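> Take this structure first; my questions come after.
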Amino acid sequence: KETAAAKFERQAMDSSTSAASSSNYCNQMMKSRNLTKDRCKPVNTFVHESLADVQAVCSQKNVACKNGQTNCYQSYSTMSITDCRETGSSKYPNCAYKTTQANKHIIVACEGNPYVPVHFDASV
Ligand SMILES: [Cl-]
Ligand SMILES: [Cl-]
């Protein structure tokens, strides 16, 4: 299996672009990251920052996770992100997504050693 850390990297990181400059970004990335393989993953967020900057969030503001756990951290600054969400008329395997580009603080759950992000809790 994929480790938790690697799975986060694959689903969330997109350091190759500064921001989504197309309405087709999500359709293309969701497919390329293999997120539409067995089904259409309904929601996903990609972060357009360096991996090092994202990992560093694990040393930032400690806050509660939506589930109540306390291993969540909120980034001190805003980051470039792209929210990908399935449209109402999307059907596997013809997955279709709405692309929404924004600048928001990210909140992630961190774990392990090294202590890195394992799940994307939300953005503010
Ligand atoms: Cl790993
Ligand atoms: Cl994969």
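How things are named: the first chain in the structure tokens is A, the next is B, and so on; residues count from 1 in each chain; ligands count from 1 in the order shown.
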Would you kindly return, as an MDAnalysis selection string, each protein, DNA or RNA residue with an atom no farther than 12 Å from any atom of residue A:94, considering only C-alpha atoms and excluding same-chain residues fewer than 5 positions away?

chainID A and resid 27 30:31 36:41 86:87 89

> Create the file for the chosen residues now, containing N, CA and C atoms and written as a PDB file, in the first residue's frame.


```pdb
ATOM      1  N   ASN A  27     -10.415  18.451 -14.178  1.00  0.00           N
ATOM      2  CA  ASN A  27     -10.666  17.231 -14.942  1.00  0.00           C
ATOM      3  C   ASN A  27      -9.353  16.561 -15.301  1.00  0.00           C
ATOM      4  N   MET A  30      -7.306  15.457 -11.749  1.00  0.00           N
ATOM      5  CA  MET A  30      -7.919  14.367 -11.038  1.00  0.00           C
ATOM      6  C   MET A  30      -7.641  13.084 -11.752  1.00  0.00           C
ATOM      7  N   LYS A  31      -7.582  13.194 -13.073  1.00  0.00           N
ATOM      8  CA  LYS A  31      -7.346  11.990 -13.823  1.00  0.00           C
ATOM      9  C   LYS A  31      -5.888  11.589 -13.718  1.00  0.00           C
ATOM     10  N   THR A  36      -9.601   9.187 -10.323  1.00  0.00           N
ATOM     11  CA  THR A  36     -10.895   8.839 -10.904  1.00  0.00           C
ATOM     12  C   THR A  36     -10.851   7.387 -11.348  1.00  0.00           C
ATOM     13  N   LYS A  37      -9.850   6.642 -10.875  1.00  0.00           N
ATOM     14  CA  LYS A  37      -9.640   5.225 -11.192  1.00  0.00           C
ATOM     15  C   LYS A  37     -10.836   4.288 -10.930  1.00  0.00           C
ATOM     16  N   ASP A  38     -11.203   4.087  -9.665  1.00  0.00           N
ATOM     17  CA  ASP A  38     -12.308   3.171  -9.392  1.00  0.00           C
ATOM     18  C   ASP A  38     -13.632   3.840  -9.289  1.00  0.00           C
ATOM     19  N   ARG A  39     -13.533   5.133  -9.060  1.00  0.00           N
ATOM     20  CA  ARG A  39     -14.645   5.994  -8.943  1.00  0.00           C
ATOM     21  C   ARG A  39     -14.207   7.412  -9.091  1.00  0.00           C
ATOM     22  N   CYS A  40     -15.202   8.278  -9.040  1.00  0.00           N
ATOM     23  CA  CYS A  40     -14.929   9.684  -9.112  1.00  0.00           C
ATOM     24  C   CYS A  40     -14.784  10.183  -7.688  1.00  0.00           C
ATOM     25  N   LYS A  41     -13.578  10.564  -7.264  1.00  0.00           N
ATOM     26  CA  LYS A  41     -13.425  11.110  -5.908  1.00  0.00           C
ATOM     27  C   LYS A  41     -14.236  12.428  -5.949  1.00  0.00           C
ATOM     28  N   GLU A  86     -16.868  17.506  -7.944  1.00  0.00           N
ATOM     29  CA  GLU A  86     -17.682  16.882  -8.973  1.00  0.00           C
ATOM     30  C   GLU A  86     -18.931  17.693  -9.226  1.00  0.00           C
ATOM     31  N   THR A  87     -19.298  17.827 -10.474  1.00  0.00           N
ATOM     32  CA  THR A  87     -20.525  18.555 -10.793  1.00  0.00           C
ATOM     33  C   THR A  87     -21.726  17.645 -10.585  1.00  0.00           C
ATOM     34  N   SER A  89     -23.913  16.663 -12.587  1.00  0.00           N
ATOM     35  CA  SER A  89     -24.052  15.814 -13.777  1.00  0.00           C
ATOM     36  C   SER A  89     -22.780  15.031 -14.105  1.00  0.00           C
TER      37      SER A  89
END
```

> Could you write out, as a PDB file with N, CA, C and O atoms, in the first residue's frame, all the residues of chain A that DSSP marks as alpha helix (DSSP H)?


```pdb
ATOM      1  N   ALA A   4       0.705   6.842   4.204  1.00  0.00           N
ATOM      2  CA  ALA A   4      -0.198   7.974   4.400  1.00  0.00           C
ATOM      3  C   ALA A   4       0.415   9.261   3.883  1.00  0.00           C
ATOM      4  O   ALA A   4      -0.272  10.075   3.261  1.00  0.00           O
ATOM      5  N   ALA A   5       1.707   9.420   4.124  1.00  0.00           N
ATOM      6  CA  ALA A   5       2.428  10.590   3.673  1.00  0.00           C
ATOM      7  C   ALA A   5       2.445  10.687   2.129  1.00  0.00           C
ATOM      8  O   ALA A   5       2.265  11.758   1.526  1.00  0.00           O
ATOM      9  N   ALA A   6       2.693   9.563   1.479  1.00  0.00           N
ATOM     10  CA  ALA A   6       2.766   9.575   0.039  1.00  0.00           C
ATOM     11  C   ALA A   6       1.391   9.789  -0.575  1.00  0.00           C
ATOM     12  O   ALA A   6       1.237  10.411  -1.637  1.00  0.00           O
ATOM     13  N   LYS A   7       0.381   9.233   0.060  1.00  0.00           N
ATOM     14  CA  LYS A   7      -0.948   9.405  -0.468  1.00  0.00           C
ATOM     15  C   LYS A   7      -1.346  10.895  -0.423  1.00  0.00           C
ATOM     16  O   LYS A   7      -1.991  11.466  -1.322  1.00  0.00           O
ATOM     17  N   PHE A   8      -0.931  11.598   0.647  1.00  0.00           N
ATOM     18  CA  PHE A   8      -1.233  13.030   0.733  1.00  0.00           C
ATOM     19  C   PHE A   8      -0.543  13.788  -0.382  1.00  0.00           C
ATOM     20  O   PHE A   8      -1.120  14.683  -1.026  1.00  0.00           O
ATOM     21  N   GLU A   9       0.710  13.441  -0.606  1.00  0.00           N
ATOM     22  CA  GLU A   9       1.473  14.145  -1.636  1.00  0.00           C
ATOM     23  C   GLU A   9       0.810  14.024  -3.020  1.00  0.00           C
ATOM     24  O   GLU A   9       0.634  14.992  -3.792  1.00  0.00           O
ATOM     25  N   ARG A  10       0.446  12.792  -3.304  1.00  0.00           N
ATOM     26  CA  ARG A  10      -0.207  12.492  -4.577  1.00  0.00           C
ATOM     27  C   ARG A  10      -1.555  13.196  -4.746  1.00  0.00           C
ATOM     28  O   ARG A  10      -1.862  13.739  -5.804  1.00  0.00           O
ATOM     29  N   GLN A  11      -2.376  13.231  -3.694  1.00  0.00           N
ATOM     30  CA  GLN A  11      -3.664  13.875  -3.819  1.00  0.00           C
ATOM     31  C   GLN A  11      -3.635  15.383  -3.700  1.00  0.00           C
ATOM     32  O   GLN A  11      -4.489  16.070  -4.258  1.00  0.00           O
ATOM     33  N   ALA A  12      -2.672  15.929  -2.956  1.00  0.00           N
ATOM     34  CA  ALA A  12      -2.667  17.368  -2.751  1.00  0.00           C
ATOM     35  C   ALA A  12      -1.602  18.218  -3.418  1.00  0.00           C
ATOM     36  O   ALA A  12      -1.832  19.416  -3.563  1.00  0.00           O
ATOM     37  N   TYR A  25      -8.682  22.400 -15.525  1.00  0.00           N
ATOM     38  CA  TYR A  25      -7.614  21.931 -14.655  1.00  0.00           C
ATOM     39  C   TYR A  25      -7.978  20.703 -13.817  1.00  0.00           C
ATOM     40  O   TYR A  25      -7.242  19.719 -13.785  1.00  0.00           O
ATOM     41  N   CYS A  26      -9.125  20.747 -13.127  1.00  0.00           N
ATOM     42  CA  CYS A  26      -9.506  19.638 -12.271  1.00  0.00           C
ATOM     43  C   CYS A  26      -9.750  18.367 -13.042  1.00  0.00           C
ATOM     44  O   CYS A  26      -9.386  17.295 -12.605  1.00  0.00           O
ATOM     45  N   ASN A  27     -10.415  18.451 -14.178  1.00  0.00           N
ATOM     46  CA  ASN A  27     -10.666  17.231 -14.942  1.00  0.00           C
ATOM     47  C   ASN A  27      -9.353  16.561 -15.301  1.00  0.00           C
ATOM     48  O   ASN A  27      -9.212  15.384 -15.120  1.00  0.00           O
ATOM     49  N   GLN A  28      -8.388  17.347 -15.742  1.00  0.00           N
ATOM     50  CA  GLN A  28      -7.066  16.857 -16.098  1.00  0.00           C
ATOM     51  C   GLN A  28      -6.265  16.319 -14.885  1.00  0.00           C
ATOM     52  O   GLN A  28      -5.738  15.204 -14.925  1.00  0.00           O
ATOM     53  N   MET A  29      -6.147  17.095 -13.787  1.00  0.00           N
ATOM     54  CA  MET A  29      -5.380  16.645 -12.607  1.00  0.00           C
ATOM     55  C   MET A  29      -5.993  15.468 -11.877  1.00  0.00           C
ATOM     56  O   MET A  29      -5.312  14.557 -11.378  1.00  0.00           O
ATOM     57  N   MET A  30      -7.306  15.457 -11.749  1.00  0.00           N
ATOM     58  CA  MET A  30      -7.919  14.367 -11.038  1.00  0.00           C
ATOM     59  C   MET A  30      -7.641  13.084 -11.752  1.00  0.00           C
ATOM     60  O   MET A  30      -7.493  12.023 -11.146  1.00  0.00           O
ATOM     61  N   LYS A  31      -7.582  13.194 -13.073  1.00  0.00           N
ATOM     62  CA  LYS A  31      -7.346  11.990 -13.823  1.00  0.00           C
ATOM     63  C   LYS A  31      -5.888  11.589 -13.718  1.00  0.00           C
ATOM     64  O   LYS A  31      -5.587  10.450 -13.407  1.00  0.00           O
ATOM     65  N   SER A  32      -4.998  12.535 -13.954  1.00  0.00           N
ATOM     66  CA  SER A  32      -3.581  12.243 -13.884  1.00  0.00           C
ATOM     67  C   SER A  32      -3.069  11.740 -12.543  1.00  0.00           C
ATOM     68  O   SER A  32      -2.093  11.002 -12.486  1.00  0.00           O
ATOM     69  N   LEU A  51       6.606  21.651  -1.672  1.00  0.00           N
ATOM     70  CA  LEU A  51       6.363  20.596  -0.714  1.00  0.00           C
ATOM     71  C   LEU A  51       6.936  21.048   0.635  1.00  0.00           C
ATOM     72  O   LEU A  51       6.324  20.866   1.686  1.00  0.00           O
ATOM     73  N   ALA A  52       8.135  21.627   0.639  1.00  0.00           N
ATOM     74  CA  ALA A  52       8.713  22.120   1.886  1.00  0.00           C
ATOM     75  C   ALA A  52       7.791  23.137   2.576  1.00  0.00           C
ATOM     76  O   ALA A  52       7.660  23.116   3.800  1.00  0.00           O
ATOM     77  N   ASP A  53       7.141  24.040   1.850  1.00  0.00           N
ATOM     78  CA  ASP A  53       6.268  24.971   2.529  1.00  0.00           C
ATOM     79  C   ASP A  53       5.034  24.296   3.119  1.00  0.00           C
ATOM     80  O   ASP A  53       4.468  24.733   4.140  1.00  0.00           O
ATOM     81  N   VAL A  54       4.585  23.225   2.468  1.00  0.00           N
ATOM     82  CA  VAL A  54       3.418  22.571   2.989  1.00  0.00           C
ATOM     83  C   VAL A  54       3.789  21.745   4.207  1.00  0.00           C
ATOM     84  O   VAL A  54       3.091  21.671   5.220  1.00  0.00           O
ATOM     85  N   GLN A  55       4.920  21.080   4.134  1.00  0.00           N
ATOM     86  CA  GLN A  55       5.323  20.290   5.284  1.00  0.00           C
ATOM     87  C   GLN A  55       5.505  21.136   6.561  1.00  0.00           C
ATOM     88  O   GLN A  55       5.242  20.707   7.683  1.00  0.00           O
TER      89      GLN A  55
END
```

> Measuring atom to atom with only C-alpha atoms, identify which of A:75, A:56, A:90, A:98 is nearest to residue A:114.

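Using only C-alpha atoms, the shortest distance to residue A:114 belongs to A:56.
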
> Identify which of the residues A:68, A:101, A:1, A:84 lies closest to residue A:45, counting only C-alpha atoms when measuring atom-to-atom distances.

A:84

> Looking only at the backbone, which of the residues in chain A does DSSP tag as strand (DSSP E), as a ChimeraX atom specification?

/A:43-47,61-63,72-74,79-86,97-104,106-111,116-123

> What gap, in Å, lies between atom CA of residue A:65 and atom CA of residue A:117?

12.7 Å

> May I have the residues within 12 Å of residue A:88 as JSON, numbers by chain, using only C-alpha atoms and disregarding those fewer than 3 positions away in the same chain?

{"A": [42, 85, 91, 92, 95, 96, 97, 98]}

> Need the shell around residue A:62: protein/DNA/RNA residues with any atom at most 10 Å away, counting only C-alpha atoms. Skip same-chain ones fewer than 2 positions apart. Format as a list in words?

residues 57, 58, 59, 60, 64, 65, 70, 71, 72, 73, 74, 75, 107, 108 and 109 of chain A

> Only N, CA, C and O atoms, please: the residues just picked out, written as a compact mmCIF listing (two decimals), in the first residue's frame.


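And here is the file that came out, again.txt:
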```
# COMPACT_ATOMS: atom_id res chain seq x y z
N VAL A 57 3.83 23.45 7.62
CA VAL A 57 2.61 23.79 8.32
C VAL A 57 2.46 22.96 9.59
O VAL A 57 1.77 23.34 10.52
N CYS A 58 3.11 21.82 9.61
CA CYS A 58 3.03 20.96 10.78
C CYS A 58 3.69 21.57 12.04
O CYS A 58 3.58 21.00 13.09
N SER A 59 4.37 22.70 11.88
CA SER A 59 5.07 23.47 12.93
C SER A 59 4.39 24.82 13.18
O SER A 59 4.90 25.67 13.89
N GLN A 60 3.26 25.02 12.53
CA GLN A 60 2.55 26.26 12.62
C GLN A 60 1.48 26.28 13.70
O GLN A 60 1.73 25.74 14.77
N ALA A 64 -7.77 22.38 16.49
CA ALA A 64 -8.50 21.13 16.49
C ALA A 64 -8.94 20.70 15.08
O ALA A 64 -9.27 21.51 14.17
N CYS A 65 -8.96 19.38 14.90
CA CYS A 65 -9.42 18.83 13.65
C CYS A 65 -10.96 18.78 13.70
O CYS A 65 -11.55 18.71 14.78
N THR A 70 -6.56 16.55 18.00
CA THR A 70 -5.76 17.77 18.07
C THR A 70 -4.45 17.78 17.33
O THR A 70 -3.51 18.49 17.73
N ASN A 71 -4.33 16.99 16.28
CA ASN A 71 -3.08 17.01 15.55
C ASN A 71 -3.21 17.83 14.23
O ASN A 71 -2.54 17.55 13.25
N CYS A 72 -4.09 18.83 14.22
CA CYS A 72 -4.27 19.67 13.05
C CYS A 72 -3.51 20.96 13.20
O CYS A 72 -3.28 21.38 14.31
N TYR A 73 -3.09 21.54 12.07
CA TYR A 73 -2.33 22.77 12.06
C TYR A 73 -2.83 23.66 10.95
O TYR A 73 -3.12 23.17 9.87
N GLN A 74 -2.93 24.95 11.23
CA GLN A 74 -3.39 25.87 10.25
C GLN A 74 -2.18 26.69 9.77
O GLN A 74 -1.38 27.14 10.60
N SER A 75 -2.03 26.90 8.45
CA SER A 75 -0.91 27.68 7.95
C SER A 75 -1.03 29.16 8.37
O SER A 75 -2.10 29.76 8.34
N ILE A 107 -5.53 23.82 6.45
CA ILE A 107 -5.50 23.14 7.72
C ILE A 107 -5.17 21.68 7.45
O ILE A 107 -5.87 21.04 6.67
N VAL A 108 -4.13 21.15 8.04
CA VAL A 108 -3.80 19.76 7.78
C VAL A 108 -3.59 18.98 9.06
O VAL A 108 -3.28 19.60 10.06
N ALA A 109 -3.74 17.65 9.01
CA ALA A 109 -3.45 16.75 10.13
C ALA A 109 -2.07 16.20 9.86
O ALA A 109 -1.74 15.83 8.72
```

> Looking at A:106, A:22, A:80, A:3, which one is nearest to ligand 1, with distances taken over only C-alpha atoms and all ligand atoms?

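Using only C-alpha atoms and all ligand atoms, the shortest distance to ligand 1 belongs to A:3.
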
> Quick check, in Å to one decimal: how far apart do atom CA of residue A:69 and atom CA of residue A:111 lie?

11.8 Å

> If we count only C-alpha atoms, what is near residue A:18 at a cut-off of 9 Å, once residues fewer than 4 positions away on the same chain are taken out, given as an mmCIF file with N, CA, C and O atoms, in the first residue's frame?


```
data_model
loop_
_atom_site.group_PDB
_atom_site.id
_atom_site.type_symbol
_atom_site.label_atom_id
_atom_site.label_comp_id
_atom_site.auth_asym_id
_atom_site.auth_seq_id
_atom_site.Cartn_x
_atom_site.Cartn_y
_atom_site.Cartn_z
ATOM 1 N N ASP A 14 0.656 20.246 -5.999
ATOM 2 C CA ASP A 14 0.825 20.616 -7.390
ATOM 3 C C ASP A 14 1.724 21.819 -7.469
ATOM 4 O O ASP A 14 1.277 22.938 -7.692
ATOM 5 N N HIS A 48 -0.758 24.793 -4.547
ATOM 6 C CA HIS A 48 0.291 25.221 -5.447
ATOM 7 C C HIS A 48 1.403 25.919 -4.706
ATOM 8 O O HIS A 48 1.597 27.113 -4.880
ATOM 9 N N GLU A 49 2.102 25.195 -3.863
ATOM 10 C CA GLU A 49 3.217 25.734 -3.070
ATOM 11 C C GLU A 49 4.261 24.635 -3.058
ATOM 12 O O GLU A 49 3.943 23.499 -3.454
ATOM 13 N N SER A 80 -1.803 29.337 -2.413
ATOM 14 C CA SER A 80 -2.542 29.188 -3.657
ATOM 15 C C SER A 80 -3.137 27.791 -3.709
ATOM 16 O O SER A 80 -2.396 26.809 -3.594
ATOM 17 N N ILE A 81 -4.463 27.683 -3.818
ATOM 18 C CA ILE A 81 -5.071 26.381 -3.851
ATOM 19 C C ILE A 81 -6.105 26.267 -4.963
ATOM 20 O O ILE A 81 -6.579 27.270 -5.475
#
```

> Calculate how many Å separate atom CA of residue A:19 from atom CA of residue A:43, rounding to one decimal.

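Result for atom CA of residue A:19 versus atom CA of residue A:43: 17.7 Å, one decimal.
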
> Which residue, A:20, A:79, A:13, A:116, has the smallest gap to ligand 1 when you use only C-alpha atoms and all ligand atoms?

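For ligand 1, the nearest of the candidates is A:116.
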